[PDB]
Amino acid sequence: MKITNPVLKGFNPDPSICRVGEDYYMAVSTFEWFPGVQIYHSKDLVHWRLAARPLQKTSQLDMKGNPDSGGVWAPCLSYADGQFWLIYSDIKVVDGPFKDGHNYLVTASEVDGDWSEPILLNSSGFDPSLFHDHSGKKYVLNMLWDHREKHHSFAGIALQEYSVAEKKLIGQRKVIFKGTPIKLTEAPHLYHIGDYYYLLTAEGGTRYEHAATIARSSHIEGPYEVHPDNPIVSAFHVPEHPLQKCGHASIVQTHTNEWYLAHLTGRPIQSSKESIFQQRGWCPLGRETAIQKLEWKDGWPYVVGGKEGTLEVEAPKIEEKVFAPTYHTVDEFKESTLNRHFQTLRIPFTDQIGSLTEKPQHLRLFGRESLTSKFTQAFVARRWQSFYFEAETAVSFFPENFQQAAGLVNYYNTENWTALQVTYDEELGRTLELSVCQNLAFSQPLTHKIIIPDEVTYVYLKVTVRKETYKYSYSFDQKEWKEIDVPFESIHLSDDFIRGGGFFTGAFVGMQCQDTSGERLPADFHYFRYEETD
Amino acid sequence: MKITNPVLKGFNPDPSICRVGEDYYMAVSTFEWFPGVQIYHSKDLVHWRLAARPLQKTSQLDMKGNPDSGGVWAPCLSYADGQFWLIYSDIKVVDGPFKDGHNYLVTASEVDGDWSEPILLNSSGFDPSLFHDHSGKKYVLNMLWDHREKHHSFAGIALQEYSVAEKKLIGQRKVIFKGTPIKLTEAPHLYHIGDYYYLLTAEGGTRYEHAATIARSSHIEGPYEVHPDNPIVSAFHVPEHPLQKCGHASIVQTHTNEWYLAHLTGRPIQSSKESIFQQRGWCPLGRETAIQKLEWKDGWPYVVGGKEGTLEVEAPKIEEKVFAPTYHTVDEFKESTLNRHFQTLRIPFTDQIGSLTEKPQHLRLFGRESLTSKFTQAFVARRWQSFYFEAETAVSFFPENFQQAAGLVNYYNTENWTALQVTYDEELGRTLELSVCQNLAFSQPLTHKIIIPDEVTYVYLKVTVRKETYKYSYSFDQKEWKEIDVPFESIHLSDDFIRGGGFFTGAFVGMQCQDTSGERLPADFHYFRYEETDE
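Sequence order for the protein chains is B and A.
Heads up: the first sequence at position 277 corresponds to 277 in the authors' numbering, and the numbers run straight through without jumps.
Heads up: the second sequence at position 189 corresponds to 189 in the authors' numbering, and the numbers run straight through without jumps.
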């Protein structure tokens, strides 16, 4: 029991696991956060390092205006013919009868290399997957989205051959599997093992009814027979289990001939005044990735320890490989590139949003649109990856009107965030303001204004997260800290609290500057510290 | 002679009227509909023709992903120094505490010429206006948006000098006016008349409390004194008046030294089960533009006939100039340019959404995203401009899967529309289906499927609008029509029915093709007929 779940903490959903020789890769979805797709690398399945974010250019991923939790849904990473293949989606509509979005293919020699320009596959449903058949043929699988009023929206798993020569889907698509009574059949993955094709799918939806089902056929077009103890992964029946929403799985065979299953999961905070059987809880870290061990019997896989998953799982018999950290606890912005754990919303980090060279050893952000804007935000943020942490920054900002503000933000989506910002008041001058957006209801709860003396070069801003609650603090000298006595609920930044059709990310913390007057006033952030605690 | 109001019927709001010599122009807002800004031209203020749509390029106007009723809000058209100046906005956020949006300036020698690339002015609030002072200086006015929780969001009218040489606002902005108790102060227009600067604003919001207020100052930065009988325009007090939502005005002095006021208005449909004093009604034609006559007294203008406005208004002493129609009652798509009364949502009409040359004498639309998408819709549409009309098209479409559909659509926004479309059913083949989106609640009300025989070349589709109700009909031969006995309420496509922070357009009817499978299957529309009635 040396794998400790979750292996990817914080917002890291929809894992697509992939072996190349003795290297293991896992791609996860990133939704509106840019650059798109996170690929992690491991030798032993115990330790994982963030290795690449493939979708770096607007020609590969153009998400300006995308709805919250649109963009890059579950991706599929594979390897064949000396190349990585990455299938991804750009979902443009996440609410209502339709689910408009398009599926694309890019390739690369190495996951951290330059990925190709996208090949357009289809638009008929999300969760596309690329299957490399033993014959050399290639097939794309995806769910079929049905908009029609009388029908369940999940109309089955479609299969269609992909022509490498023609760079397009060919022939006609075929519905090969219609799911089980759990329904919401999605996330198709095909595997050829022994004498059967195994079709792995997610069912039940990505909330607390989530499950992984598997079916098998001697022929790729079916009919598929469902596992006799289906589902193979699910925590639906065990509301007290520490792993919840267990589903959307992918399977890997190690180079040591052992079998493992990656799946997403959530770790909810519960309410003491509610029944955990009725209110399963809220997940501010979003959906995380866990790894289970498989065993085989009668040609069917089973999750070792039970289908709800285990926190501690027997690691494969592989030499341990620990990686060095890929971020520093205190980022002083001495590098010319933004650290790989930082992302921006929807669009690339360019000189129109910020600079790492205009003000050396600072991250300079030019004030753009407000935190409610799905277009151009000067906001650089990183995931909450623990229930217990501190994040801190120091900002030089001299606003001249009330429409300019910059500071520290905890953020779920454009309707759900809190921010501690240096702004300007017509009567008191530079002030420190607390802003709260809760499903688009806006409040500024401080009862008395915090005036910033003109002598203060840098305003130090901190958030302290203690599982259920978090609090902001500030200092004018980094020595004497003052806590703002407004206790914020972490569950308000969770998948399970926010309204609307897209609820698939997780809480972020970061640095931000807005100027809704038009002057693009810069804020200079001296450092960003993110430190997990006990 | 008589001006008959509204002079611009259907969705034509926020009029900015402008005289150049003996020609008169009026620009109106277009929100998410592309190309942006409609400019109308008149000689006599009675007859108006659609003359230009300036914002034709994505470099001038990039609205992909824009929210419904974002985009081009109220524009400002002026003329000075031998060129037209157009100030416009691109609003990116229409709900919540902020109103993120940016204001731009483009210029041209003629309203239908090539307009420049935009100069960015500011982002501090919408309704920007450019004022040409007698001193030669230029000033930009706009409202100030206040997001702060404790404050009214309409924080006053800002003034700042614009440097023509430096292509930017210079100096610092000054709040010159904070409004009256009606509040929601917006739409500033400045006029220097006689001994005073006159600041015209809209107040009360663009629903049924709308008003136009006017103030004057000897000095451009104020303080402004409010009109003693303010507001000068409003129907708030008369719920039965045929013109409602009267406000957002602009003033013109004719070359015959007469004074007129253009303003937006709505013409509501009422419910017989409700009090009009409680439910003023619903406006499927959206906000239209009307023109009132002004008279002066003691240095203040007054609307002739009362501040609620008149339907028939005395025309200026100008020789009549009647224009011929600018669209064809039956458009056969024989021309290589889409007629000027057709618009697309958000984006240019390019070879990726349709073509007038691939299939001659047809409008070919490549199936793209559904009607609920704010991104790429292959939808070509024109305004409802009468309470009584018929629209009709004929479509060649051969869908192969249930994710392909094309046909005739009546549309307010991405959440509010109805469509009669040729689609495909796995068991019955090509079928005719009715789809309904009502504030994003989706229904398909036909009780039995309408099967289309394989031999049918064109499916003819028609909508008949009779004020409160509209009904779809279809034919397989253009001779024998079958009405679909599902009565639709016109008020469901109105500013006053749809949910959300943006409710600023009006009902459209048009041709559409979607392919949510990825194959971009084309539908070919043979013609589009739009034929109004006189009640």
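The C-beta atom is built at its ideal place from N, Cα and C for all residues, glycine as well.
Any chain C beta carbon closer than 8 Å to residue i
i, result
"B:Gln444", "The chain labelled as chain C is not found among the protein chains of the depicted structure, namely B and A."
Distance between residue j and residue i (C-alpha atoms, nearest Å)
i, j, result
"A:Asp44", "A:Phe387", "26 Å"
"A:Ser16", "A:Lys137", "21 Å"
"B:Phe379", "B:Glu427", "28 Å"
"B:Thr4", "B:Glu240", "19 Å"
"A:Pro223", "A:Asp146", "21 Å"
"B:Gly194", "A:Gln361", "58 Å"
"B:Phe497", "B:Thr206", "14 Å"
"A:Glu390", "A:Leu363", "19 Å"
"A:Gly21", "A:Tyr79", "10 Å"
"A:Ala394", "A:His526", "5 Å"
"A:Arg383", "A:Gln343", "9 Å"
"residue 577 of chain A", "A:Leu434", "Residue 577 of chain A is absent from the structure shown; chain A starts at 1 and stops at 535."
"B:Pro522", "B:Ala405", "10 Å"
"B:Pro228", "B:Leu77", "29 Å"
"B:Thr337", "B:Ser355", "9 Å"
"B:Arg346", "B:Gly36", "9 Å"
"A:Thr350", "A:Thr376", "11 Å"
"B:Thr447", "A:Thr180", "29 Å"
"B:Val465", "B:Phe508", "12 Å"
"B:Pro75", "B:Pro54", "11 Å"
"B:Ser443", "B:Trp417", "11 Å"
"B:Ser234", "A:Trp73", "50 Å"
"B:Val322", "B:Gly70", "34 Å"
"A:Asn142", "A:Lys245", "21 Å"
"A:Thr310", "A:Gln292", "7 Å"
"B:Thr185", "B:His151", "14 Å"
Residue closest to residue i, alpha-carbon to alpha-carbon, out of the options
i, options, result
"B:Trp85", "B:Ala249, B:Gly204, B:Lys167 and B:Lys99", "B:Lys167"
"A:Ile232", "A:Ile220, A:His219, A:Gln160 and A:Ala215", "A:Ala215"
"A:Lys2", "A:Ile318, A:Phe398, A:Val509 and A:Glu32", "A:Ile318"
"A:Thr201", "A:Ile220, A:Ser355 and A:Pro188", "A:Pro188"
"A:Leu144", "A:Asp114, A:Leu8, A:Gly113 and A:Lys99", "A:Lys99"
"B:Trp48", "B:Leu61, B:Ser59, B:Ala262 and B:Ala158", "B:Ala262"
"B:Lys183", "B:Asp112, B:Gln385 and B:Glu203", "B:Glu203"
"A:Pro325", "A:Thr30, A:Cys18 and A:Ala51", "A:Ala51"
"A:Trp282", "A:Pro118, A:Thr505, A:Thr372 and A:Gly309", "A:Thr505"
"B:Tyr196", "B:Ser517, B:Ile220 and B:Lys178", "B:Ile220"
"A:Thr30", "A:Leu61, A:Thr310, A:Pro6 and A:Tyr208", "A:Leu61"
"A:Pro13", "A:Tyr139, A:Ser250, A:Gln403 and A:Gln56", "A:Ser250"
"A:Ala212", "A:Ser473, A:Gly156 and A:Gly247", "A:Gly247"
"B:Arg430", "B:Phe398, B:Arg173 and B:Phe177", "B:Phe398"
Per DSSP, the bridge partner or partners of residue i
i, result
"B:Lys174", "B:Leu159"
"B:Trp33", "B:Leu345"
"B:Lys138", "B:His132 and B:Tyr162"
"A:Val395", "A:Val459 and A:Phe525"
"A:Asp23", "A:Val20"
"A:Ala405", "A:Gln514"
"B:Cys283", "Beta-bridge pairing links B:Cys283 to no other residue."
Report the start-end ranges of each beta strand (DSSP E) in the region 285–359 of chain A that is 3 residues or longer and not cut off at the edges. Segments of the beta strand (DSSP E) lying fully in the region 285–359 of chain A: 287–297 and 300–303.
Selection of the region 51–65 of chain B by Cβ proximity to chain A, strictly under 8 Å: Answer in chain order: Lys64 and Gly65.
Closer than 9 Å between beta carbons: that is the criterion. Which residues of the region 87–99 of chain B meet it against chain A? Within the region 87–99 of chain B, contact with chain A at the beta-carbon level (separation under 9 Å) is assigned to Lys92, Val93, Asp95, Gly96, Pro97, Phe98 and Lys99.
Select from the region 317–346 of chain B all residues with a C-beta closer than 7 Å to any C-beta belonging to chain A, and list them in chain order. Here the close residues number zero.
Going along the region 355–371 of chain B in order, which residues come within less than 7 Å of chain A, judged by CB to CB distance? If the cut-off is 7 Å between Cβ atoms, the region 355–371 of chain B has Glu369 and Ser370 near chain A.
Contiguous beta strand (DSSP E) assignments of at least 3 residues, all confined to the region 51–109 of chain B: 76–80, 83–91 and 101–108, all fully within the region 51–109 of chain B.
Please list, in chain order, the residues of the region 463–484 of chain B that have any C-beta partner in chain A closer than 7 Å. Residues passing the 7 Å Cβ filter: none.
Using a Cβ-Cβ cut-off of less than 8 Å, give me the residues of the region 121–135 of chain B that come near chain A, in sequence order. Under the 8 Å Cβ criterion, the region 121–135 of chain B contributes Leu121, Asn122, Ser123 and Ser124.
Just to confirm the assignment: which complete beta strand (DSSP E) runs, minimum length 3, are found wholly within the region 204–265 of chain A? You should have 211–217 and 244–253.
When you check each C-beta in the region 390–405 of chain A against every C-beta of chain B, which residues fall closer than 9 Å? When C-beta distances to chain B are compared with 9 Å, the residues of the region 390–405 of chain A below that value are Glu400, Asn401, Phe402 and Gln403, in chain order.
Residues in the region 152–186 of chain A having any Cβ partner in chain B nearer than 7 Å: Of all residues in the region 152–186 of chain A, none has a Cβ within less than 7 Å of some Cβ in chain B.
Residue ranges of each beta strand (DSSP E) within the region 434–512 of chain A, 3 or longer: Here the runs fully enclosed are 441–443, 459–466 and 469–475.
Residues from the region 487–505 of chain A in contact with chain B, defined by Cβ distance under 7 Å: If the cut-off is 7 Å between Cβ atoms, the region 487–505 of chain A has nothing near chain B.
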